[PDB]
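Note sheet for the following structure.
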Amino acid sequence: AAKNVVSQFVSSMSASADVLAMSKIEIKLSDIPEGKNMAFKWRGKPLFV
Amino acid sequence: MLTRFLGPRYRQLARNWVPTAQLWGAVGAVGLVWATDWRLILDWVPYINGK
Amino acid sequence: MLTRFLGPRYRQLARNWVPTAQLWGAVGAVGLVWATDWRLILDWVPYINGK
Amino acid sequence: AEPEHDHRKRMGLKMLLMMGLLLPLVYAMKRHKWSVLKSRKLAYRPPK
Amino acid sequence: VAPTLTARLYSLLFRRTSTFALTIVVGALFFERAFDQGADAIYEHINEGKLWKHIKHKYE
Amino acid sequence: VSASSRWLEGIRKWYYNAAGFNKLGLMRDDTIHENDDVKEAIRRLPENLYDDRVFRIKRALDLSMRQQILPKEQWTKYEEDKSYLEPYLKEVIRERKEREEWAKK
Amino acid sequence: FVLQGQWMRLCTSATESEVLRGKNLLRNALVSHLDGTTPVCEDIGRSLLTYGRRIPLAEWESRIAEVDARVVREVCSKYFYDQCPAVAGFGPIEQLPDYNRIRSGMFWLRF
Amino acid sequence: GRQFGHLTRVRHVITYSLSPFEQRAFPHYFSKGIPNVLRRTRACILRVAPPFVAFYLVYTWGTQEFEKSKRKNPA
Amino acid sequence: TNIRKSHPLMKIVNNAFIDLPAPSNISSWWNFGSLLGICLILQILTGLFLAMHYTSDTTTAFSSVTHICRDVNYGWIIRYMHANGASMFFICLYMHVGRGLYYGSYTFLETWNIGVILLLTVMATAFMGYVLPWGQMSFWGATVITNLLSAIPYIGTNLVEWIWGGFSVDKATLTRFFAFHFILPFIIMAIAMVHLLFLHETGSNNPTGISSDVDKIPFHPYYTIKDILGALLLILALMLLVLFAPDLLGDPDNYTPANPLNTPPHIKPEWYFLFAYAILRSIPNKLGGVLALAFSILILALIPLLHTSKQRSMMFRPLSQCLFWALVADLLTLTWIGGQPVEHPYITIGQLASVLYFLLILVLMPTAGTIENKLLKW
Amino acid sequence: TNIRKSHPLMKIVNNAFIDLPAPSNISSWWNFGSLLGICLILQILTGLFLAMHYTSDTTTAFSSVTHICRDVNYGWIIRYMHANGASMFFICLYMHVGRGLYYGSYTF
Ligand code: HEM
Ligand code: HEM
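Protein chains in written order, with the working numbering: chain L, 5 to 53; chain Y, 101 to 151; chain C, 101 to 151; chain P, 17 to 64; chain S, 153 to 212; chain B, 3 to 107; chain V, 6 to 116; chain A, 1072 to 1146; chain D, 43 to 420; chain X, 526 to 633.
Next up, the structure:
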């Protein structure tokens, strides 16, 4: 019984409305000219192309 | 200056508590293993393969 | 059974602490008045008419 | 960015004026009580 | 007049922790006000950046 | 014996003056940190030394309070510094180590 | 603490009953003390040196008689209330209160 | 534990003291005051100051080397 | 007899700050204990009022804070007393740990260790505190730091995501910190009571390091008033900051609402961590840096075993006095470095101060002690 | 001698729940004091976890609470243990005040 309650309380700090996780992002290549680093938002994290 | 604890008696004392200190490690091992459902370790145990 | 405190001595004791208990009420009066800026009371006081 | 700007500086003026009165005052209070220890004189009078 | 000042002050108002308190509370009243006058009056004199602006923009 | 000893001795006399407890009328052994061995040795001091030791320490605490110091004349000269406590402490340590040797067997 | 408590109490609240005890104690002490030639001769000699007169018992009684509670708390206040003591300590006095605290016990915050 | 009366044993020491209402709170405040502070400063400068100037020198240098490293002339 | 002495409640108070035998000796360096206490209730008192208005969701995090300073009556002094109180708290904290080391107060094993726990605790408390207004620095300072635990082998990942409440410093991460930043100061206070319980077993140490049982004085009226005066000074310091230079110790960058893709170039923790930040980056290793940064504060617990002198205080030991201030100065260098970009001079000098900090404590001070003994024929 | 008795910390514990002389007498009505203690930490423990998610603004007040029971892992037992713990707390509270009145414990 002890682990169960303790685990259940431990678990209460992980998942949620948080399996947004993510996509397959579609980026137009002709928008990034030679030499530029264009950053986008993906999986809540910055993505460099 | 831990030389105060270095002698025959102290050596006998250490041997006497060895089985106990060993068994206390057995308890802590299984204890963590079971409490975290140690995927790595538990797979070897027959009947505790709940996958 | 507050009769234990009823007698001549106790009566002398009460008179002796009267000026003190009175003055302690003067302190509490002004004390609240000043601390809440008692509009009602303070208006009468010369120089404390900050309106 | 700081609408309070002026108000605080008025309190600040009061804070310096007040502390410029309280500080020495508390010092003298503390000086007065330690008086007893600052001027205490010792003497040692062993036998023989 | 000078020794008797601190003296009389002790005599009539300081012994009895009563009066001693009665006075500091009463003394806090007058002081709080007189300090806020002078203090603000000081804040004004070093400034004059607001308030006399009123005499201009309104008065109706 | 020669220049050599005097040099170490004068290096020691220099630190002593720098350590500066003598300015508070203290003695080397008065500044010793009290531990078990030290507590026992303080306990074994004869009446006179124990009394002197307390007055010395009191004189100092009193000074360290008002953060004054003693007139130069009354500082405790190196040389003139009595290790009154040393022999007692040495014996207290010497006693303990015996129990400690006995405890190994 | 207790000694001081009593001075303060007497300064601020001497009850009437106890003042009669104190008075009675004094009449008994005086009269009991002036018993036998020696104490009396000593009283004559000292009294002349210090009063210039010899105060007849009848007058001391009169003086004692005049004391009532008000007088006690008035007169005690004059000498005891918020005054600095002269303190002398000898023996194992580690716990003799600090002077500041002995001085603080010479008045009280309720009064 | 603790408590006065049970701290330690002391004998033969007298202590003369005076009521605060009898003495002044600032006897020779500047008269003896300032000399003392100089003395205390003197007593400790050689032990306190040296590490601080050592930092100070390393601070101003380190700053200059930083600023002057971010410019270029030939090459 | 006397009520103050025997009433089950007052006894405590009495034996804690009234009759308690205290050295006639203790100086200003001893005021920091009471000031730490005052800093604590102050952070609790203003902190509470701030919580009656602050809302803990990213949407209004920054907003509520602004709401506080503009709309909430006097919410600005409250807000600033809070922020500055945190700094004052750290100044006193560092001063307190300073006094302890210089004077050998650490010989009180338990009292001191409770203090180390008090340190980590108020530290952990404040790290979370500053994430609250959800400023650029908050989010980012919150990101830099949290991630540190990701170096712990086999578990850093799982752990960091676990205290994150996701895969990043999200919504979960803000409410969490609000909650802990609320409950930690209460636990701090209870632990501080045990600090005092243990301290009261021995009484205070003093400037000479010599026992003072022979000259003890009652805490009241001496140290009640010497404590009163020194609190007024702490009020001066505190008020000087909030009423004149409120942002002086604060980054301007935290005044810009957080942005997870932004990433400022500037990026530093609050002033009271700079020395530790320096020590951390001075190591070109993920595990190293973090391990070293930990060892940087947890070393306060090694100090007692490194005591080597036959004297407790440093008052009568000059080799050590010199080494001590070198240690202070070396931390001041560490502070300075940590506030500078990881480039030119700064890298190597930052790596020098680091080794030094450790050499000064782990080897130079212990050795100076042995030499000073030798010099006294001890 | 014995550590439990003299360590400045354990003393407390020891003299509070180990060696403390107690009547051989006290019955079930005496259990409510400890249950009140348990109710307290329980309300504190679950209550805390609830605060790591609940947001305190009218806009999300209700919402966050719902968020807790649906999205937050086991946020529902936590939420309910909290709510019910409050009731349990009152039951024991009333029982405790009951025992006191019946048995004259109020003479303290
Ligand atoms: C929550 C912050 C802290 C508070 C409120 C606190 C409270 C106090 C108080 C009230 C004293 C009374 C005597 C004095 O100040 O000298 C004291 C002394 C002491 N504290 Fe702390 N303290 C705190 C943090 C620390 C820290 C960080 C340490 C060291 C790791 C520490 C170790 C000590 C020691 C060893 C003493 C004994 C001082 C002596 O007698 O010389 N405490 N503390
Ligand atoms: C339990 C009493 C406390 C409460 C209720 C409390 C609550 C808060 C809240 C709601 C904020 C965000 C609002 C704002 O930033 O003005 C905040 C900021 C902060 N408080 Fe606390 N806290 C408390 C104790 C502490 C303690 C012990 C410290 C450590 C000295 C602390 C240092 C901070 C810091 C560093 C910040 C963020 C910086 C800033 O003011 O902008 N507070 N606190």
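Don't be surprised by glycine CBs; every beta carbon is placed ideally from N, CA and C.
Span of the beta strand (DSSP E) holding residue i?
| i | result |
| --- | --- |
| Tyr56(V) | That residue, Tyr56(V), is in no beta strand (DSSP E); it is neither H nor E in DSSP. |
| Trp138(C) | Per DSSP, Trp138(C) belongs to no beta strand (DSSP E) and is neither H nor E. |
| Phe52(L) | 49-52 |
| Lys1143(A) | Unbroken run through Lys1143(A): none, as it is neither H nor E. |
| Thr1086(A) | 1084-1087 |
| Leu58(P) | 57-60 |
| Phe44(L) | 43-46 |
| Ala279(D) | It is not in any beta strand (DSSP E) - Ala279(D) instead sits in the alpha helix (DSSP H) that spans 261-286. |
| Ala64(D) | 63-65 |
Excluding sequence positions up to five away, which residues of its chain have a Cβ less than 8 angstroms from the Cβ of residue i?
| i | result |
| --- | --- |
| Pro44(V) | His38 |
| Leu561(X) | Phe614, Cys617, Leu618, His621 |
| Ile403(D) | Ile341, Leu344, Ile345, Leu348, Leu369 |
What do you reckon, is the C-beta of residue i under 7 angstroms from a heavy atom of ligand 4?
| i | result |
| --- | --- |
| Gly251(D) | This structure lacks ligand 4; its bound ligands are ligand 1 and ligand 2. |
Would you report the Cα separation of residue i and residue j, rounded to the nearest angstrom?
| i | j | result |
| --- | --- | --- |
| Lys419(D) | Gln70(B) | 28 angstroms |
| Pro1091(A) | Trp144(C) | 42 angstroms |
| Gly272(D) | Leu39(P) | 10 angstroms |
| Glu64(V) | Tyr84(V) | 24 angstroms |
| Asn50(B) | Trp16(B) | 30 angstroms |
| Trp117(C) | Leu106(C) | 16 angstroms |
| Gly50(V) | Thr17(V) | 38 angstroms |
| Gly623(X) | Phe557(X) | 10 angstroms |
| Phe1137(A) | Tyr319(D) | 19 angstroms |
| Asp40(V) | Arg68(V) | 20 angstroms |
| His23(P) | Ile110(D) | 16 angstroms |
| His237(D) | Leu82(D) | 14 angstroms |
| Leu376(D) | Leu316(D) | 7 angstroms |
| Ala105(B) | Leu91(B) | 21 angstroms |
| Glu312(D) | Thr158(S) | 52 angstroms |
| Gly331(D) | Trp46(L) | 30 angstroms |
| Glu103(B) | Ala129(Y) | 38 angstroms |
Return the chain-ordered list of same chain residues with a C-beta closer than 7 angstroms to the C-beta of residue i, the five sequence neighbours on each side being excluded.
| i | result |
| --- | --- |
| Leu101(V) | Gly94 |
| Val92(V) | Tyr104, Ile107 |
| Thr571(X) | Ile603, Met606, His607, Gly610 |
Kindly indicate the opening and closing residues of the alpha helix (DSSP H) around residue i.
| i | result |
| --- | --- |
| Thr375(D) | 360-380 |
| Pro108(Y) | 108-116 |
| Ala17(P) | Neither: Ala17(P) is in no alpha helix (DSSP H) and is coded neither H nor E. |
| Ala44(P) | 21-54 |
| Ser338(D) | 328-339 |
Leaving aside the five residues before and after residue i along the sequence, list all residues of the same chain whose C-beta is less than 6 angstroms from its C-beta, in chain order.
| i | result |
| --- | --- |
| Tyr314(D) | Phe132 |
- Task: Pick out the complete alpha helix (DSSP H) segments inside the region 172-212 of chain D, 4 residues or longer, and give them in chain order.
- Result: 178-189, 198-206
- Query: Are the region 227-246 of chain D and the region 60-67 of chain D touching by the rule of at least three beta carbon pairs closer than 8 angstroms?
  - Reply: yes
- Item | Three or more C-beta pairs below 8 angstroms linking the region 251-261 of chain D and the region 57-75 of chain B | yes
- Message: Could you check whether the region 1076-1087 of chain A touches the region 162-171 of chain S, counting it as contact only if at least three pairs of C-beta atoms, one from each stretch, sit closer than 8 angstroms?
- Response: no
- Given 8 angstroms, three or more beta-carbon pairs between the region 1109-1129 of chain A and the region 206-224 of chain D: no
- Would you call the region 25-34 of chain B and the region 85-94 of chain B in contact, with 3 or more CB pairs under 8 angstroms? yes
- Item | Segment contact, 8 angstroms Cβ cut-off, at least three pairs: the region 88-100 of chain D with the region 1095-1112 of chain A | no
- Query: If we count Cβ pairs, one from each stretch, closer than 8 angstroms, do we get three or more for the region 7-23 of chain V versus the region 113-129 of chain Y?
  - Reply: no
- Task: Evaluate contact between the region 354-374 of chain D and the region 304-313 of chain D, counting only Cβ atoms and requiring at least three cross-stretch pairs below 8 angstroms.
- Result: no
- Message: Taking contact to mean 3 or more Cβ pairs, one atom from each stretch, closer than 8 angstroms, check whether the region 69-84 of chain V and the region 20-40 of chain V are in contact.
- Response: yes
- Report yes or no: do the region 71-79 of chain B and the region 16-25 of chain B share at least 3 C-beta pairs separated by less than 8 angstroms? yes
- Query: What are the complete alpha helix (DSSP H) segments, minimum 4 residues, inside the region 132-178 of chain D?
  - Reply: 151-171
- Within the region 53-95 of chain B, note down every full alpha helix (DSSP H) run reaching 4 residues or more, in order along the chain. none
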